[PDB]
Structure formats: C-alpha cells, structure tokens
Amino acid sequence: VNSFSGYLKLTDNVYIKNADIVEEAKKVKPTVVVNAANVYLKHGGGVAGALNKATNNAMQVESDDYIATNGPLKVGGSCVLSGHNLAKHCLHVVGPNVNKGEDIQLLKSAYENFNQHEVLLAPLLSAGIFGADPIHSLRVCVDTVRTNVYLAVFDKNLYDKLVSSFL
Ligand SMILES: O[C@H]1CC[C@@H]2CCN(c3ncnc4[nH]ccc34)[C@@H]21
C-alpha cells in the first residue's frame with residue numbers, strides 16, 4: 001500500500017491520472033520522481049522546467065555540477081540525483097526528442113531505466129515538447145516497465161484520450 005490517490009489502473013503495475021506532476025510530487029513526496037530530461041540536464045521547459053522551478057533552481061545547480069563532472073547523458077540513459085523538496089530522488093531520464101531527429105526506438109531503452117526502482121511517479125517520456133505520440137509512449141511504458149509506475153498526464157484532454165484509446 002502506498003499514498004498515491006485517484007489513479008486509474010491500466011495493468012498489474014501501471015497507473016495513470018490527469019495531474020500536474022509538480023503538485024503530485026509535493027503532495028506524495030515519492031521515493032522517486034522521474035524528470036523528462038535532456039542529455040545536458042538543461043531544465044528549461046516542459047516537465048523539466050516545471051520541476052526545476054519548483055526546486056527554486058536547486059535542481060539546475062546540482063545538474064550543472066553533475067554535467068561538469070560526468071559529461072552529458074546518453075539518449076535513452078538516466079542518472080539519479082536529489083529530489084530536493086519534491087521527492088527523495090529524481091531519476092532524470094532522456095527519451096528521444098523527435099523535434100531533434102532522435103530515434104524513437106530509443107524510447108524503450110529510456111523506459112528500461114524505470115525498472116531499477118520499485119515505485120516511481122513519472123511523466124510520459126518523449127511526449128509533450130519532445131514531439132512523440134503520447135499514445136505510443138504509453139504503450140511502450142506498459143510493455144517495458146515492470147515496476148510500479150504512477151503516470152501523471154498534465155493535459156486533461158490528452159488524459160481522456162489516452163484512457164479511451166488504451167488497449
Ligand atoms: O506527462 C507528460 C508527457 C508530455 C506532456 C507535456 C507536459 N507533461 C507534464 N505532465 C505532468 N505534469 C506536468 N507538469 C508540467 C508539465 C507536465 C506531459
């Protein structure tokens with residue numbers, strides 16, 4: 001039993017809700033919140049810009065030190081950093097950005113990172129400003145993640161479409 005509330009159950013392990021991931025994290029304080037990161041951990045917009053803003057830019061400061069030490073992530077890769085005031089940890093995961101010409105096949109590799117964590121609060125990878133089809137992203141999530149994932153979909157209209165089209 002966990003403290004996530006109001007989610008629709010899609011499968012044995014995947015749950016979904018129309019919610020702002022920032023406000024959800026602040027309420028639940030999950031062990032792991034997933035960020036929709038880029039390889040440079042430059043948290044400018046989308047989920048990443050919103051999460052970083054909620055940390056008063058502490059996420060960005062920590063991320064800049066991470067990159068200075070380690071260099072960029074791989075597309076499909078991830079790193080674990082602090083969750084600041086939002087969660088214990090933030091799993092920064094890089095899904096392919098279609099608006100950069102990146103291979104959508106890397107989306108499965110991106111979701112595989114979730115399997116290293118028993119429970120996560122997460123967005124749909126590569127959706128939104130990353131340019132991929134959110135219906136497809138949800139399918140890859142369900143077919144790849146085996147740990148318990150609580151998905152927050154910001155757009156209410158999209159949430160209804162994701163639910164109504166889910167197979
Ligand atoms: O699930 C994500 C997949 C792509 C969509 C674009 C934004 N995004 C968000 N989801 C949840 N909370 C959010 N806060 C701020 C943004 C945001 C969606």
# chains A, B, ... in the order shown; residues from 1 in each chain; ligands from 1
$ residues_near_ligand --ligand "ligand 1" --cutoff "9 Å" --atoms "only C-alpha atoms and all ligand atoms" --output "compact mmCIF listing (two decimals) with C-alpha atoms, in the first residue's frame"
# COMPACT_ATOMS: atom_id res chain seq x y z
CA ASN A 18 -4.70 13.64 -15.05
CA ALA A 19 -2.39 15.66 -12.82
CA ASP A 20 0.39 18.23 -12.63
CA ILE A 21 3.47 16.19 -11.72
CA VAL A 22 4.83 19.11 -9.66
CA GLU A 23 1.75 19.25 -7.43
CA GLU A 24 1.61 15.45 -7.20
CA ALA A 36 11.81 14.34 -18.67
CA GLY A 45 10.75 23.84 -20.29
CA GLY A 46 8.15 21.13 -20.19
CA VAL A 47 8.20 18.81 -17.19
CA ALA A 48 11.88 19.57 -16.58
CA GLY A 49 11.44 23.34 -16.49
CA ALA A 50 8.44 22.98 -14.17
CA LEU A 51 10.15 20.61 -11.72
CA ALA A 122 6.63 9.70 -13.79
CA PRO A 123 5.54 11.56 -16.95
CA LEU A 124 5.11 10.01 -20.37
CA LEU A 125 8.59 10.02 -21.88
CA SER A 126 9.13 11.77 -25.22
CA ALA A 127 5.62 13.30 -25.06
CA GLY A 128 4.82 17.00 -24.90
CA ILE A 129 7.59 19.20 -26.29
CA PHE A 130 9.72 16.12 -27.07
CA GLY A 131 7.38 15.60 -30.02
CA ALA A 132 6.41 11.91 -29.86
CA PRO A 134 1.75 10.13 -26.22
CA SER A 137 4.70 6.39 -25.31
CA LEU A 151 1.88 8.28 -14.56
CA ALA A 152 0.85 11.95 -14.39
CA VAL A 153 -0.64 13.36 -17.62
CA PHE A 154 -0.87 17.16 -17.45
CA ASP A 155 -3.33 17.72 -20.31
CA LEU A 158 -4.94 14.07 -23.57
$ closest_residue --among "A:41, A:140, A:1, A:98" --to "residue 65 in chain A" --atoms "only C-alpha atoms"
A:41
$ residues_around --residues "residue 145 in chain A" --least-positions-apart "4" --cutoff "7 Å" --atoms "only C-alpha atoms" --output "MDAnalysis selection string"
chainID A and resid 111:112 114:115 141
$ atom_distance --atom1 "CA of residue 31 in chain A" --atom2 "CA of residue 120 in chain A"
7.1 Å
$ select_by_dssp --residues "range 16-90 of chain A" --states "strand (DSSP E)" --output "PDB file with N, CA and C atoms, in the first residue's frame"
ATOM      1  N   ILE A  16      -2.464   5.590 -13.994  1.00  0.00           N
ATOM      2  CA  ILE A  16      -2.465   6.848 -14.741  1.00  0.00           C
ATOM      3  C   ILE A  16      -3.488   7.815 -14.150  1.00  0.00           C
ATOM      4  N   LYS A  17      -3.175   9.114 -14.231  1.00  0.00           N
ATOM      5  CA  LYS A  17      -4.008  10.163 -13.654  1.00  0.00           C
ATOM      6  C   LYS A  17      -3.774  11.464 -14.411  1.00  0.00           C
ATOM      7  N   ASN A  18      -4.833  12.270 -14.551  1.00  0.00           N
ATOM      8  CA  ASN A  18      -4.698  13.637 -15.053  1.00  0.00           C
ATOM      9  C   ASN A  18      -4.212  14.500 -13.895  1.00  0.00           C
ATOM     10  N   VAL A  32      10.847   8.318  -5.669  1.00  0.00           N
ATOM     11  CA  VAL A  32      11.428   8.671  -6.961  1.00  0.00           C
ATOM     12  C   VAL A  32      10.406   9.442  -7.787  1.00  0.00           C
ATOM     13  N   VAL A  33      10.776  10.651  -8.216  1.00  0.00           N
ATOM     14  CA  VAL A  33      10.081  11.351  -9.289  1.00  0.00           C
ATOM     15  C   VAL A  33      10.976  11.303 -10.520  1.00  0.00           C
ATOM     16  N   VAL A  34      10.377  11.017 -11.674  1.00  0.00           N
ATOM     17  CA  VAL A  34      11.094  10.994 -12.939  1.00  0.00           C
ATOM     18  C   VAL A  34      11.010  12.356 -13.606  1.00  0.00           C
ATOM     19  N   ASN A  35      12.152  12.856 -14.066  1.00  0.00           N
ATOM     20  CA  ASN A  35      12.209  14.056 -14.884  1.00  0.00           C
ATOM     21  C   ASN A  35      12.354  13.683 -16.353  1.00  0.00           C
ATOM     22  N   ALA A  36      11.649  14.423 -17.212  1.00  0.00           N
ATOM     23  CA  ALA A  36      11.813  14.342 -18.665  1.00  0.00           C
ATOM     24  C   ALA A  36      13.012  15.205 -19.071  1.00  0.00           C
ATOM     25  N   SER A  78      20.006   7.665 -18.173  1.00  0.00           N
ATOM     26  CA  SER A  78      19.472   8.287 -16.976  1.00  0.00           C
ATOM     27  C   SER A  78      20.571   8.507 -15.951  1.00  0.00           C
ATOM     28  N   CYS A  79      20.255   9.347 -14.967  1.00  0.00           N
ATOM     29  CA  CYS A  79      21.044   9.425 -13.750  1.00  0.00           C
ATOM     30  C   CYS A  79      20.124   9.705 -12.574  1.00  0.00           C
ATOM     31  N   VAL A  80      20.557   9.296 -11.387  1.00  0.00           N
ATOM     32  CA  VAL A  80      19.837   9.552 -10.144  1.00  0.00           C
ATOM     33  C   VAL A  80      20.479  10.740  -9.443  1.00  0.00           C
ATOM     34  N   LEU A  81      19.687  11.770  -9.174  1.00  0.00           N
ATOM     35  CA  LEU A  81      20.119  12.939  -8.420  1.00  0.00           C
ATOM     36  C   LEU A  81      19.121  13.172  -7.289  1.00  0.00           C
ATOM     37  N   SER A  82      19.320  14.254  -6.540  1.00  0.00           N
ATOM     38  CA  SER A  82      18.408  14.560  -5.451  1.00  0.00           C
ATOM     39  C   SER A  82      17.007  14.891  -5.963  1.00  0.00           C
ATOM     40  N   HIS A  89      14.503  11.166  -4.388  1.00  0.00           N
ATOM     41  CA  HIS A  89      15.393  11.151  -5.533  1.00  0.00           C
ATOM     42  C   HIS A  89      14.651  11.624  -6.767  1.00  0.00           C
ATOM     43  N   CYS A  90      15.404  12.190  -7.704  1.00  0.00           N
ATOM     44  CA  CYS A  90      14.918  12.435  -9.054  1.00  0.00           C
ATOM     45  C   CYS A  90      15.699  11.559 -10.023  1.00  0.00           C
TER      46      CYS A  90
END
$ residues_around --residues "residue 109 in chain A" --least-positions-apart "5" --cutoff "9 Å" --atoms "only C-alpha atoms" --output "number ranges by chain"
A: 75-77, 95, 144
$ write_last_selection --atoms "N, CA, C and O atoms" --output "tab-separated table (two decimals), in the first residue's frame"
chain	number	residue	atom	x	y	z
A	75	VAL	N	21.16	9.60	-24.95
A	75	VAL	CA	19.74	9.44	-25.25
A	75	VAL	C	19.35	8.00	-24.94
A	75	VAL	O	20.00	7.06	-25.39
A	76	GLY	N	18.28	7.83	-24.15
A	76	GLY	CA	17.91	6.54	-23.62
A	76	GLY	C	18.46	6.27	-22.23
A	76	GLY	O	18.08	5.26	-21.61
A	77	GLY	N	19.36	7.12	-21.74
A	77	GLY	CA	20.01	6.93	-20.46
A	77	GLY	C	19.38	7.74	-19.34
A	77	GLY	O	18.36	8.41	-19.51
A	95	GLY	N	14.41	10.56	-22.87
A	95	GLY	CA	13.75	9.99	-24.02
A	95	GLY	C	14.18	10.73	-25.27
A	95	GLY	O	14.62	11.88	-25.22
A	144	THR	N	7.18	-2.20	-21.24
A	144	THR	CA	8.59	-2.19	-20.84
A	144	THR	C	8.79	-2.13	-19.34
A	144	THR	O	9.67	-2.83	-18.81
$ atom_distance --atom1 "CA of residue 15 in chain A" --atom2 "CA of residue 142 in chain A"
9.5 Å
$ select_by_dssp --residues "range 67-136 of chain A" --states "helix (DSSP H, G or I)" --output "JSON, numbers by chain"
{"A": [67, 68, 69, 70, 98, 99, 100, 106, 107, 108, 109, 110, 111, 112, 113, 114, 115, 116, 128, 129, 130, 134, 135, 136]}
$ closest_residue --among "A:55, A:164, A:13, A:99" --to "residue 87 in chain A" --atoms "only C-alpha atoms"
A:55
$ atom_distance --atom1 "CA of residue 121 in chain A" --atom2 "CA of residue 71 in chain A"
26.0 Å
$ closest_residue --among "A:54, A:136, A:9, A:74" --to "residue 165 in chain A" --atoms "only C-alpha atoms"
A:136
$ closest_residue --among "A:84, A:92, A:26, A:161" --to "residue 39 in chain A" --atoms "only C-alpha atoms"
A:92
$ closest_residue --among "A:135, A:67, A:119, A:73" --to "residue 160 in chain A" --atoms "only C-alpha atoms"
A:135
